[PDB]
file start.txt (compact mmCIF, C-alpha atoms)
# COMPACT_ATOMS: atom_id res chain seq x y z
CA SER N 22 14.54 15.49 25.39
CA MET N 23 17.19 15.12 22.77
CA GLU N 24 16.46 11.34 22.67
CA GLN N 25 12.81 12.15 21.59
CA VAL N 26 14.00 14.56 18.94
CA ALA N 27 16.40 11.93 17.45
CA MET N 28 13.59 9.34 17.31
CA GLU N 29 11.55 12.02 15.55
CA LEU N 30 14.27 12.62 12.99
CA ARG N 31 14.31 8.79 12.35
CA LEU N 32 10.48 8.80 11.86
CA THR N 33 10.81 11.70 9.46
CA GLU N 34 13.56 10.03 7.45
CA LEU N 35 11.51 6.80 7.28
CA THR N 36 8.57 8.91 6.14
CA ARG N 37 10.59 10.41 3.29
CA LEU N 38 11.80 6.98 2.11
CA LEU N 39 8.23 5.53 2.38
CA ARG N 40 6.87 8.39 0.25
CA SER N 41 9.25 7.54 -2.56
CA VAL N 42 8.47 3.80 -2.17
CA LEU N 43 4.79 4.72 -2.40
CA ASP N 44 5.22 6.75 -5.63
CA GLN N 45 7.18 3.95 -7.14
CA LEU N 46 4.44 1.42 -6.16
CA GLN N 47 1.70 3.57 -7.45
CA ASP N 48 3.41 3.95 -10.92
CA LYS N 49 2.95 0.23 -11.18
CA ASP N 50 -0.83 0.96 -11.28
CA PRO N 51 -1.12 3.25 -14.37
CA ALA N 52 -4.83 2.40 -14.73
CA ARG N 53 -5.34 3.88 -11.18
CA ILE N 54 -7.48 0.96 -10.13
CA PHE N 55 -6.06 1.21 -6.55
CA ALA N 56 -5.83 5.01 -6.29
CA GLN N 57 -8.92 5.57 -4.19
CA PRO N 58 -11.10 3.65 -1.77
CA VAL N 59 -13.77 1.32 -3.17
CA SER N 60 -17.03 3.44 -3.26
CA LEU N 61 -19.81 2.19 -0.93
CA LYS N 62 -22.22 4.15 -3.08
CA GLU N 63 -21.18 1.87 -6.11
CA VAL N 64 -20.41 -1.47 -4.33
CA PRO N 65 -22.82 -1.16 -1.37
CA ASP N 66 -22.10 -4.73 -0.16
CA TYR N 67 -18.29 -4.18 -0.10
CA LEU N 68 -17.89 -4.29 3.67
CA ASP N 69 -19.78 -7.60 3.97
CA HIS N 70 -16.88 -8.99 1.81
CA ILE N 71 -13.79 -7.08 2.85
CA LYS N 72 -13.12 -6.23 6.49
CA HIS N 73 -10.13 -3.94 6.11
CA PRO N 74 -10.35 -1.88 2.84
CA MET N 75 -7.16 -0.19 1.74
CA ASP N 76 -6.12 2.01 -1.16
CA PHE N 77 -3.18 4.31 -2.12
CA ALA N 78 -4.89 7.52 -1.09
CA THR N 79 -5.60 6.19 2.41
CA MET N 80 -1.94 5.05 2.65
CA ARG N 81 -0.88 8.53 1.56
CA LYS N 82 -3.01 10.20 4.27
CA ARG N 83 -1.47 7.87 6.87
CA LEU N 84 2.07 8.58 5.58
CA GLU N 85 1.73 12.36 5.77
CA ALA N 86 0.64 12.12 9.39
CA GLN N 87 3.89 10.06 9.85
CA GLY N 88 1.62 7.16 10.83
CA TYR N 89 3.94 4.37 9.65
CA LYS N 90 6.45 3.48 12.47
CA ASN N 91 8.33 0.92 10.31
CA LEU N 92 8.35 -0.72 6.85
CA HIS N 93 6.42 -3.76 8.09
CA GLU N 94 3.38 -1.55 8.78
CA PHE N 95 3.51 0.02 5.33
CA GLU N 96 3.85 -3.37 3.64
CA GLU N 97 0.83 -4.68 5.59
CA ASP N 98 -1.27 -1.88 4.04
CA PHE N 99 0.13 -2.52 0.55
CA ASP N 100 -0.54 -6.21 0.91
CA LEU N 101 -4.19 -5.41 1.92
CA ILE N 102 -4.70 -3.51 -1.38
CA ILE N 103 -3.60 -6.60 -3.34
CA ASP N 104 -5.19 -9.21 -1.17
CA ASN N 105 -8.62 -7.50 -0.95
CA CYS N 106 -8.77 -7.22 -4.69
CA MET N 107 -7.83 -10.83 -5.28
CA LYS N 108 -10.62 -12.02 -2.99
CA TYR N 109 -13.41 -9.65 -4.11
CA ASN N 110 -12.69 -9.98 -7.80
CA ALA N 111 -12.50 -13.15 -9.91
CA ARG N 112 -9.39 -14.34 -11.68
CA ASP N 113 -10.65 -13.46 -15.15
CA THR N 114 -11.16 -9.71 -14.41
CA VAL N 115 -9.20 -6.63 -15.15
CA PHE N 116 -9.14 -5.83 -11.37
CA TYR N 117 -7.63 -9.17 -10.34
CA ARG N 118 -5.02 -9.02 -13.12
CA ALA N 119 -4.04 -5.45 -12.17
CA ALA N 120 -3.45 -6.73 -8.58
CA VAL N 121 -1.23 -9.57 -9.78
CA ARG N 122 0.84 -7.12 -11.80
CA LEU N 123 1.15 -4.65 -8.92
CA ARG N 124 2.23 -7.45 -6.57
CA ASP N 125 4.89 -8.81 -8.97
CA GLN N 126 6.32 -5.43 -9.88
CA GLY N 127 5.97 -4.02 -6.38
CA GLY N 128 7.92 -7.02 -4.97
CA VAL N 129 11.09 -5.67 -6.70
CA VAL N 130 10.67 -2.20 -5.16
CA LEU N 131 10.04 -3.65 -1.66
CA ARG N 132 12.99 -6.05 -1.93
CA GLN N 133 15.38 -3.08 -2.12
CA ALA N 134 13.41 -0.74 0.18
CA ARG N 135 13.89 -3.40 2.93
CA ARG N 136 17.65 -3.25 2.34
CA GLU N 137 17.55 0.64 2.42
CA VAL N 138 15.59 0.72 5.75
CA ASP N 139 17.94 -1.84 7.41
CA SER N 140 21.00 -0.12 5.84
CA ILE N 141 20.18 3.56 6.73
CA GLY N 142 18.67 2.39 10.07

call {"tool": "encode", "arguments": {"input": "start.txt", "output": "structure tokens"}}
result
Amino acid sequence: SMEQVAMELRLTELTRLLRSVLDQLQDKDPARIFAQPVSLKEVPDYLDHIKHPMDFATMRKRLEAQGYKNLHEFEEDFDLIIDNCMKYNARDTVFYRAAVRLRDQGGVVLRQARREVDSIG
């Protein structure tokens, strides 16, 4: 149906916007602390601590399968990256401080992305 096609064009346009949001978010992580999943080989207890691991590469895989239906979903995943790190790591660590900085800087990007998703529909 043409209705299905038009919904598909909307998903694709969201996907394009979310890809640019994602690159912008990731540039706020120049150390690449959140680039890849936490290794179970190197933190074998990780899943006893964190129930829903997230990282930028896993978000990117989801994105390219057009697996985000709206911005809320994408923000949930971004928030998990931050929130996992701030629980697993202590305040005085490079990991925790990198999360704080990503959150603060990413907040600006998301503030305007929410306007762009509303605005362009």

call {"tool": "atom_distance", "arguments": {"input": "start.txt", "atom1": "CA of residue 94 in chain N", "atom2": "CA of residue 55 in chain N"}}
result
18.2 Å

call {"tool": "atom_distance", "arguments": {"input": "start.txt", "atom1": "CA of residue 31 in chain N", "atom2": "CA of residue 86 in chain N"}}
result
14.4 Å

call {"tool": "atom_distance", "arguments": {"input": "start.txt", "atom1": "CA of residue 92 in chain N", "atom2": "CA of residue 116 in chain N"}}
result
25.8 Å

call {"tool": "closest_residue", "arguments": {"input": "start.txt", "among": "N:75, N:119, N:23, N:46", "to": "residue 60 in chain N", "atoms": "only C-alpha atoms"}}
result
N:75

call {"tool": "closest_residue", "arguments": {"input": "start.txt", "among": "N:78, N:38, N:138, N:130", "to": "residue 53 in chain N", "atoms": "all atoms listed in the file"}}
result
N:78

call {"tool": "residues_around", "arguments": {"input": "start.txt", "residues": "residue 101 in chain N", "least_positions_apart": "2", "cutoff": "8 Å", "atoms": "only C-alpha atoms", "output": "VMD selection string"}}
result
chain N and resid 73 to 75 97 to 99 103 to 105

call {"tool": "residues_around", "arguments": {"input": "start.txt", "residues": "residue 34 in chain N", "least_positions_apart": "5", "cutoff": "10 Å", "atoms": "all atoms listed in the file", "output": "list in words"}}
result
residues 28, 29, 39, 40, 87, 138, 141 and 142 of chain N

call {"tool": "residues_around", "arguments": {"input": "start.txt", "residues": "residue 32 in chain N", "least_positions_apart": "4", "cutoff": "9 Å", "atoms": "all atoms listed in the file", "output": "ChimeraX atom specification"}}
result
/N:27-28,36-37,87,89-91

call {"tool": "write_last_selection", "arguments": {"input": "start.txt", "atoms": "C-alpha atoms", "output": "mmCIF file, keeping the file's coordinate frame"}}
result
data_model
loop_
_atom_site.group_PDB
_atom_site.id
_atom_site.type_symbol
_atom_site.label_atom_id
_atom_site.label_comp_id
_atom_site.auth_asym_id
_atom_site.auth_seq_id
_atom_site.Cartn_x
_atom_site.Cartn_y
_atom_site.Cartn_z
ATOM 1 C CA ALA N 27 16.400 11.930 17.450
ATOM 2 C CA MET N 28 13.590 9.340 17.310
ATOM 3 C CA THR N 36 8.570 8.910 6.140
ATOM 4 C CA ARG N 37 10.590 10.410 3.290
ATOM 5 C CA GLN N 87 3.890 10.060 9.850
ATOM 6 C CA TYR N 89 3.940 4.370 9.650
ATOM 7 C CA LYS N 90 6.450 3.480 12.470
ATOM 8 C CA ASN N 91 8.330 0.920 10.310
#

call {"tool": "closest_residue", "arguments": {"input": "start.txt", "among": "N:79, N:100, N:128, N:84", "to": "residue 41 in chain N", "atoms": "all atoms listed in the file"}}
result
N:84

call {"tool": "closest_residue", "arguments": {"input": "start.txt", "among": "N:114, N:45, N:71, N:107", "to": "residue 133 in chain N", "atoms": "only C-alpha atoms"}}
result
N:45

call {"tool": "closest_residue", "arguments": {"input": "start.txt", "among": "N:77, N:109, N:117, N:95", "to": "residue 48 in chain N", "atoms": "only C-alpha atoms"}}
result
N:77

call {"tool": "closest_residue", "arguments": {"input": "start.txt", "among": "N:118, N:82, N:135, N:88", "to": "residue 33 in chain N", "atoms": "only C-alpha atoms"}}
result
N:88
